[PDB]
Every structure is written in structure tokens, then in C-alpha cells.
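Notes to accompany the following structure.
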Amino acid sequence: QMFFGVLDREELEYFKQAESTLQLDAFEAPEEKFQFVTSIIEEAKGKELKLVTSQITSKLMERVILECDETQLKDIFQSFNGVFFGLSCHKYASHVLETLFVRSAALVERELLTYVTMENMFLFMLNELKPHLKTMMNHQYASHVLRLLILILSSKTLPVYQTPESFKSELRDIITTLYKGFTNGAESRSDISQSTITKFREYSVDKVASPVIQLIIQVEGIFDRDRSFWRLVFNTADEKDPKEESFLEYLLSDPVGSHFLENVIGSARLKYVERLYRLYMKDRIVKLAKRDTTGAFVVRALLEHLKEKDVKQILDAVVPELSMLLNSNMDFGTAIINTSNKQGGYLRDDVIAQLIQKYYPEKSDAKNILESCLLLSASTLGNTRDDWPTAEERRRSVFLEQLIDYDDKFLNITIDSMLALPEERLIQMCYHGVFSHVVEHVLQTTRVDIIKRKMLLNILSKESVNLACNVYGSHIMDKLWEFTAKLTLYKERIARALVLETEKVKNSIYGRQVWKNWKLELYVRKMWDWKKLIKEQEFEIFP
């Protein structure tokens, strides 16, 4: 169902102009726009298949589908009856189907909370697709449509709607149909053979099919206690199998295979994950952890989804390697530290000793954790060009914030490192899209000694108004309302500075937030009550 004809000279002129008018959007009322869309639909009657399959017009068709009313949506839907599979396979029409299906899914939701219905129309195309599901899964365009349909039928996030119970049944029937196709009507297992299992493992790591397999393993548990597709990829018995082992060794040394395994571990039954770990990973965890681009993603997934005893076993093995892992794989290092924290600071002394040695050796005079961990001097901080903050900068910031949350030692080291900068450089951080958040992160009132608070405040308070009016700086000013607890003079100085620039501060959307959080309406209108809030805050923060 691939070719439906070419658009002639007149149709091309008309639909180009209509598309142009539609995007200029000069209509003065929604009613005018709807009427114009209707005029487009009227001209498209009998030509819809040509229009969705032509590169020139397929995007107009998506617009129309988005802009028309419910009744028109239904008519456009039925105009595709009998060719859904061919359209799903089409380079341009498949994207039209996706737009259609997503809007249709939203319509069955309100059709549920209140002629032939959208629900029944949707079921008709599902039944038309059922004999093609296997071909779709392997089709470079139709696999995306299949994947979207499974997302819709399982009520998951589309490019999240509630669904009829008929949808839950369709999910079951679609996945079961696919299941019978990838077996041979085996009817148990067994007799599923290798190479049928091997052929399915090949799809598992196939560029086209693999995202569909992942999603299926992810949702099949909604209606299948036995996890049939999970069992198709992996075994369930209590001992190793040679073929499963070689496949596992491939996944753990292959980028797609590792990300596949990483994703399905989060949705597998716990005992199935414990089994893969026990049989194929536990005795080689350190070796796997050192594979930055492959196996390490799997080790991280184990740390996030296994139970306490196994997680601590992995930590026993990987924590001694933490400094070395941090050399090339900071994201993994962050998750290891995070997991140690979640497991009650497990191996804390070893983690801390290593991080101190690597980022803040107490024998070094040049020591500064902003420099060793954020590479501050070589960063985009203070650049005169229009350089946004980079991905590496955000990564290093997230790592440092994790350290600050791990132990007061790193909070105190970070603050000392900020106080060690030239004052201008620390202020620059306050305006930086990523490093500002690091500044905000150290403003933890009950964890920072009052002398340290005074010293930070001596610096920040000079920039009170400009920080308050800034998109990043205003979060810092918000934190300073609590950070100045037990420091009334500092709180009074900042409040006074802001009120002196009342109009400039309230002209900023960020400033108005600070104004609210600093309760400055009270400061101005009912000073006695403001002063009372300050007294109460003190005992609320420091009881």
C-alpha cells in the first residue's frame, strides 16, 4: 500500500498556499481558523492518501489533524482504513499516523469521561495491524508506529492519558500476537528452539527492533505474570547456560547491548536480575565496572535496582576503584557515591579518603576543589563571548553537589575554596547558568558555621539587588533569607538594600520572587511583624 498517486499542478499550488496561510496564522478568531481548516479538509476529500504520502504535503496533513475538530479527526482516521500498515511503513505517512494516533488517544480519554466512537475506530485499525505486527517490529518506519501504539495502550508518556479497559486487553493481544510470532506456536515453552531464542536475541540488539523489545519487556508485566518476552531473551533456571553466557558477555561489551540490559534491568522482576548478577556479573564486577562505554552502565543499573546485601557486595568491590573510575567516568562515580549514601554511608571512610586525596590533598597549597573538580579556570565562567555552560560543566557540578551532600567535609572544603577565590570570580559564579547552582547548594544554614556564613554573606550582600534581579542569582538571594538566621544585622542590611531599589527589584520577575520570600511587603507595611518573623525563624532553624 505504498503508492497512491502524484499531486497534480493545481493540487500542489492549492495545498502549498493553504499551508502557508495556515502557518501565517493571521486569523482574528479561532472560529475563522477552524473554518479555514475545514475548507482545507473539504479540498482534501478523496485525496488524503496522496497528501499524507507526498513529501510536499504530509506536514500540512499533520497540521490539519492537529487543528480540526473531533468530528473531522474521525473522518480523516477512517479515510486510512485498509492502508494503515502501508502507511505505517511510509517514510512520510508514518509520522502522520503518529500525530493522528496521539490525538486520537487523547480523544478516547474524554470519550471515556463522558456516531461510531473513537474507541471503536481505534480498535478497527489495531485489528488491521495485528497480522503485520512482526513485520512492523523490524521495519525502519513502522517500528516507531508500533512502539507508539504500545505506549498508548499501556498509558505511558507519549511524544499520559487514561484508557478504556478495552485498551488494556488490546495491549495483551498485541504483545501476545507478537509473542506467538517470535516463537513457533510452541505452546509451552518448550519446544522453543535455538536458533529461535538466538534469533530473538539478535533482534534484542538490533537497531530497529531493540527499542520495541525493551518497551515490551518493560510493560508486559501489566498483564503477564510470567514475563514471556523477558524469558525469551534470558533463561530463568538456577544454573549457567553456555549460549546465555556468551550472549551476556556480548551485551556487557557492546554499547547497544549494555544500554539494552541497563534499561530492562529496571523493569525486570527482582529475582531475575539477582540471577543474572549472581551467574554472570558478580564474579567480574570490577572488570565490568571499568568498561566505561558498556559494562559500567550495567553495573550502575545493578547498584540502583538490587537489594541491600548485593548492593553492598558490589560496593565492596567498586569503592576501592573509585579514584581510578573517576578518571574517565564521573557519572558512574557520582552514582557510586550516591548509592553509598543511600546505603547509610557504606564505606564512607574509604570514599572520603580517596576523594580528599584526589581533589583536595591536605599537603597541597594550591588546593581548591572548584579548580580540581570544576576545572574552573578553564571553564566558560566569565567568558565575554556568548558561551553557554557545557555538558561537562554540568556533569562536574552535579558531581561536586553530590560530594557536598555526602559529607560536611566537602561542604566545608567547597566553601573554603569559594572564599579562596578572588571575590569577583565567586560573584561571576552566582550569575553562571550551572555554577550558580553550586553556590546555592552550599547555603545550608544548619550545616555551615556562623563564621563561615558571615564570610560568604560579606561577599554576596554587596550584590543583593543585582543577584535578586537575575535568573540564577535570585535563587541565592532566596536562600539567604534562612542563611542569615542568627545574623539579624546581615538580614537587615540585605532587606534595606532591596527596599531601596524597590522599583528595580519589583520590575524583575526574579526580583518579585525574592521580594515575596524576604516578606518585604511586611518589612515595609508592618515592620513589627517582620521583626517578629525574624525572631521566630531563629528558633525554627535552631531549636
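In the C-alpha cells, chains take letters A, B, ... by order of appearance, with residues numbered from 1 within each chain and ligands from 1 in the order shown.
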
**Test item: residues at most 12 Å from residue A:405, only C-alpha atoms, excluding those fewer than 3 positions along its chain, as JSON, numbers by chain** = {"A": [334, 337, 338, 340, 341, 342, 345, 398, 399, 400, 401, 402, 408, 409, 410, 411, 412, 414, 438, 441, 442, 443, 444, 447]}

**Request:** Write out as a PyMOL selection string which residues come within 10 Å of stretch 224-237 of chain A when counting only C-alpha atoms, dropping same-chain ones fewer than 3 positions away.
**Result:** chain A and resi 172+175-176+178-179+182-183+189+192+196-204+213-214+216-221+240-241+243-245+247-248+264+267-269+271-272+275-276

**Item:** Shell of 9 Å around stretch 297-310 of chain A, only C-alpha atoms, local chain residues under 2 positions omitted, as a ChimeraX atom specification
**Value:** /A:252,258-259,261-263,265-266,270,273-274,277,281-282,285-286,288-289,291-295,312-315,332,335-336,339,343

Output file for the residues above (C-alpha atoms, as a CSV table (one decimal), in the first residue's frame):
chain,number,residue,atom,x,y,z
A,252,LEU,CA,28.4,-6.4,28.5
A,258,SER,CA,24.7,-2.7,27.5
A,259,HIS,CA,22.1,0.1,27.2
A,261,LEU,CA,20.5,-4.5,29.5
A,262,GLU,CA,20.6,-1.3,31.6
A,263,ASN,CA,17.1,-0.4,30.6
A,265,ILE,CA,17.1,-4.4,34.5
A,266,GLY,CA,14.9,-1.5,35.8
A,270,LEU,CA,13.9,-8.5,41.0
A,273,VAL,CA,18.0,-9.5,37.9
A,274,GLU,CA,19.5,-11.2,41.0
A,277,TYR,CA,24.0,-10.8,38.6
A,281,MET,CA,28.4,-10.5,36.7
A,282,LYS,CA,29.1,-10.8,40.4
A,285,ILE,CA,32.1,-6.8,38.8
A,286,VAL,CA,35.3,-4.8,38.9
A,288,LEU,CA,32.7,-4.8,34.2
A,289,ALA,CA,32.8,-1.5,36.2
A,291,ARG,CA,34.2,-0.7,30.9
A,292,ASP,CA,33.1,3.0,30.7
A,293,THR,CA,31.1,2.7,27.5
A,294,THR,CA,29.5,-0.6,28.0
A,295,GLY,CA,29.5,-2.8,31.1
A,312,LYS,CA,26.9,-3.6,49.5
A,313,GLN,CA,28.8,-6.5,47.8
A,314,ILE,CA,29.2,-4.5,44.6
A,315,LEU,CA,30.3,-1.5,46.7
A,332,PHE,CA,29.4,6.4,37.3
A,335,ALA,CA,26.2,7.1,41.2
A,336,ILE,CA,28.6,5.0,43.3
A,339,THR,CA,24.5,4.6,46.3
A,343,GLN,CA,23.1,2.6,52.0

**Request:** Mind checking which residues fall within 8 Å of stretch 37-43 of chain A, counting only C-alpha atoms, ignoring those fewer than 3 positions away in the same chain, and posting them as a list in words?
**Result:**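 Near neighbours after the sequence-gap exclusion: residues 15, 18, 22, 33, 34, 64, 67 and 68 of chain A.
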
Next, the residues of the selection above should be written as a PDB file, in the first residue's frame with N, CA, C and O atoms.
ATOM      1  N   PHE A  15      -2.445  23.362  -2.055  1.00  0.00           N
ATOM      2  CA  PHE A  15      -2.114  22.949  -0.690  1.00  0.00           C
ATOM      3  C   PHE A  15      -0.883  23.680  -0.158  1.00  0.00           C
ATOM      4  O   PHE A  15      -0.775  23.879   1.041  1.00  0.00           O
ATOM      5  N   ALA A  18      -2.398  26.948   1.039  1.00  0.00           N
ATOM      6  CA  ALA A  18      -3.181  26.712   2.249  1.00  0.00           C
ATOM      7  C   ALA A  18      -2.251  26.512   3.437  1.00  0.00           C
ATOM      8  O   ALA A  18      -2.479  27.047   4.517  1.00  0.00           O
ATOM      9  N   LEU A  22      -2.027  28.854   6.674  1.00  0.00           N
ATOM     10  CA  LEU A  22      -2.300  28.247   7.944  1.00  0.00           C
ATOM     11  C   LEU A  22      -1.184  28.585   8.943  1.00  0.00           C
ATOM     12  O   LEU A  22      -1.453  28.857  10.112  1.00  0.00           O
ATOM     13  N   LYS A  33     -10.157  30.447  11.982  1.00  0.00           N
ATOM     14  CA  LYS A  33      -9.165  29.398  11.756  1.00  0.00           C
ATOM     15  C   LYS A  33      -9.819  28.037  11.494  1.00  0.00           C
ATOM     16  O   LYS A  33      -9.464  27.367  10.517  1.00  0.00           O
ATOM     17  N   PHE A  34     -10.755  27.630  12.357  1.00  0.00           N
ATOM     18  CA  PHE A  34     -11.497  26.374  12.160  1.00  0.00           C
ATOM     19  C   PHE A  34     -12.161  26.311  10.777  1.00  0.00           C
ATOM     20  O   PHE A  34     -12.128  25.276  10.089  1.00  0.00           O
ATOM     21  N   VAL A  64      -3.398  19.889   9.915  1.00  0.00           N
ATOM     22  CA  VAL A  64      -4.842  19.736   9.812  1.00  0.00           C
ATOM     23  C   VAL A  64      -5.351  18.786  10.893  1.00  0.00           C
ATOM     24  O   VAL A  64      -6.284  19.101  11.630  1.00  0.00           O
ATOM     25  N   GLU A  67      -5.392  20.558  14.100  1.00  0.00           N
ATOM     26  CA  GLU A  67      -6.211  21.771  14.183  1.00  0.00           C
ATOM     27  C   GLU A  67      -7.720  21.555  13.988  1.00  0.00           C
ATOM     28  O   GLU A  67      -8.529  22.412  14.350  1.00  0.00           O
ATOM     29  N   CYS A  68      -8.098  20.456  13.353  1.00  0.00           N
ATOM     30  CA  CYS A  68      -9.511  20.181  13.075  1.00  0.00           C
ATOM     31  C   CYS A  68     -10.297  19.818  14.350  1.00  0.00           C
ATOM     32  O   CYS A  68      -9.707  19.664  15.428  1.00  0.00           O
TER      33      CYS A  68
END

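Minimum distance to residue A:19 across A:527, A:152, A:60, A:87 (counting only C-alpha atoms) occurs at A:60.
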
**Item:** Residue neighbourhood residue A:458, 12 Å, only C-alpha atoms, exclusion window fewer than 3 positions, as a list in words
**Value:** residues 419, 423, 427, 451, 452, 453, 454, 455, 461, 462, 463, 464, 480, 484, 487, 489, 490, 491, 493 and 494 of chain A

**Nearest residue to residue A:465 from the set A:450, A:415, A:366, A:505 (distances using only C-alpha atoms)** =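 Checking each candidate against residue A:465, we get A:505 as the closest.
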
Leaving out residue A:531 and any residue of its chain fewer than 6 positions from it, which residues lie within 10 Å of it when counting only C-alpha atoms, given as a PDB file with C-alpha atoms, in the first residue's frame?
ATOM      1  CA  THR A 488      19.963  39.889  62.092  1.00  0.00           C
ATOM      2  CA  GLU A 492      18.526  43.834  57.862  1.00  0.00           C
ATOM      3  CA  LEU A 522       5.637  43.145  55.699  1.00  0.00           C
ATOM      4  CA  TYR A 523       9.001  44.837  56.172  1.00  0.00           C
ATOM      5  CA  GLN A 537      12.764  31.910  62.231  1.00  0.00           C
TER       6      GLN A 537
END
